[PDB]
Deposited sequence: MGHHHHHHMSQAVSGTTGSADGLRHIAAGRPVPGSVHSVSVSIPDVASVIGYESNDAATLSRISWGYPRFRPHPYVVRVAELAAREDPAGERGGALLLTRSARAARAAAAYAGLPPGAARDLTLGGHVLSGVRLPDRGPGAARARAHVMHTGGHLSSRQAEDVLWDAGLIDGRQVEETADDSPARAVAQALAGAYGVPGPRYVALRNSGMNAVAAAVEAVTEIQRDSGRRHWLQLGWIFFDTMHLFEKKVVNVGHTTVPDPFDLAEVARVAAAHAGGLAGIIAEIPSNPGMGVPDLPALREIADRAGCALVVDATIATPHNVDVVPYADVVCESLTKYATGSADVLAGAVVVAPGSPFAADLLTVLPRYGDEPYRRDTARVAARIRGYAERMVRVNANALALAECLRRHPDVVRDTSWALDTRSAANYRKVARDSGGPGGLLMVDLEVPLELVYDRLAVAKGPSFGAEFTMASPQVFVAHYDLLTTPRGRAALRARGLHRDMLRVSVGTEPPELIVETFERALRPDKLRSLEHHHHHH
């Protein structure tokens, strides 16, 4: 059902648990990111870490009714306590409530002050939110909704099933080396917190962020959600600069965090070189391989910890959030990581895990088709030099050599292409017949106006645009996430949107 125009504001793919929404023209994107009230009434849905799901809102309203006067619901009491502490709220702000036979955890937020915004930021950047499947079960058990979303799940020991599938994909001995977390960000935060804890005793409290990477991961460090010092090395290819910054912090580096490729710039770092730097520094190397997938790259040999957002291609359904932390068995940190990791983050609600278990069965087959489609579309984009200025991806001239160092023999580039346009985004995006909106990694082709999603605030002024320019980004860019449709149909769809 891909490659069609979807009416503005419709949840995408359509399930109650949809993580995306149709935002099909730039005017609507601007209205959505600027919180224009008319746009938000027409397009009220959103990615569940960014716009609270209606069932979560309703559960929060009803749980608060039993002082009635804002309540931020979380995945766990642990997550609520962490958000309250980060926000500077009293410990009593974190509370356990009840509704429909269920225990709920959340933080009571103050009306005034910055505490409300900080608590929401903590839950958001760490992926510690209550899921829509859990809220749906609360409401259904309480008799407050008629029915539940019908969907395929694999309910027999789903966490073991998912962990075993990922152990095979990453090439680790078994599920003991794979921890499931509430979302990709919950996995990243758990990995960073675990490494930080293990490294604290030796005086290592500083992190190096390699390049510009996914915005929530950057916020974890910039906003001190993880209480560490950090330095960003803006050029992920500049290994001499990485070594210079590491030398400045010699004996003091807890870890280096990197992405392969990076979101959304698509830069591929040199993981074998980073491993040697990390070894010399005595620090851990944490790699987020979401965009490549373990079916395309073999990065466990070079990383101490690998993280993945299973929300994306691992499921291909755009309807469940989950994350994975994979511990490298040969890492010197491996034993301490397996001891310490259970203290950080939260496993997903089991019904979410059961959805992952059903959807992950087709991961390898999905990536075969996705890879072929990305290759076909990349050649198409090169053939439109009057409209497409640049395309950044794993096999471009910047990244191909580094990608080849870790690519599997059958491995392809994954599904993402970051398209830099010579024309205003409107002239391509508005007419493009794909699902347009947040997230990526579905079996239908998607596109995101990703600089608006990540950095709307910086797009709004000359100095903000100069800052984005320094990162290689500007307004008129489209992040394409290819699905599994026939390649000729994807190519034709883009040809029609690229021509005048």
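Visitor: Without any C-alpha position in the structure, which residue ranges of the deposited sequence would you list, numbering from 1?
Guide: According to the deposited record, C-alpha coordinates are absent for 1 to 20, 87 to 90, 94, 526 to 538, which together make up the missing parts.
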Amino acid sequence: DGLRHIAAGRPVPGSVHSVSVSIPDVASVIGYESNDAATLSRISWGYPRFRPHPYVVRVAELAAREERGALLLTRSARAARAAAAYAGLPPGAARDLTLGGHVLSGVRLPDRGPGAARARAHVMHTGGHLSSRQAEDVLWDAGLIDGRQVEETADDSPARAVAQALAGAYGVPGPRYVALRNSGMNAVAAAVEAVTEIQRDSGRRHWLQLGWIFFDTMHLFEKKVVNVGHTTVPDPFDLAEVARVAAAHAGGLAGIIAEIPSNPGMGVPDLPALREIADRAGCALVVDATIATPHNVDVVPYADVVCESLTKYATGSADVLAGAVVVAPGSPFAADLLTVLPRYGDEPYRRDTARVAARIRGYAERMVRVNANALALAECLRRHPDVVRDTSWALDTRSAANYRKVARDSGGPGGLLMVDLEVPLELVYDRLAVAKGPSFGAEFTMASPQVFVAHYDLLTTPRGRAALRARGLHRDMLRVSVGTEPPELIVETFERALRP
From here on, numbers count along this sequence of modelled residues.
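Visitor: Mind pulling up the entry and telling me whether 374 to 382 or 77 to 85 has the higher mean Cα temperature factor?
Guide: Stretch with the higher mean C-alpha B-factor: 77 to 85.
Visitor: Going by the B-factors listed in the PDB entry, is the mean over the C-alpha atoms higher for 297 to 305 or for 244 to 252?
Guide: According to the PDB entry, the answer is 244 to 252.
Visitor: Among 127, 414, 261, 100, where is the Cα B factor highest in this entry?
Guide: Answer, based on the entry's C-alpha B-factors: 100.
Visitor: Just the C-alpha B-factor column, please: which of 267, 147, 323, 229 has the biggest number?
Guide: So the option with the highest C-alpha B-factor is 229.
Visitor: Can you tell me which third, lowest, middle or highest, the CA B-factor of residue 312 falls into for its chain?
Guide: Ranked within chain, residue 312 CA B lands in the lowest tercile.
Visitor: When the modelled residues of the chain are sorted by Cα temperature factor, does residue 436 land in the lowest, middle or highest third?
Guide: Within its chain, residue 436 is a lowest-third residue by C-alpha B-factor, going by the deposited values.
Visitor: Pull the Cα B-factor of residue 31 out of the PDB entry and bin it into the chain's lowest, middle or highest third.
Guide: For residue 31, whose C-alpha B-factor we compare with every modelled residue in the chain, the answer is the lowest third.
Visitor: Looking at the C-alpha B-factor of residue 53, is it in the lowest, middle or highest third of its chain?
Guide: Middle third by C-alpha B-factor.
Visitor: Would you mind ranking residue 224 by its C-alpha B-factor against the rest of the chain and naming the third, lowest, middle or highest?
Guide: According to the entry, residue 224 has a C-alpha B-factor in the chain's highest third.
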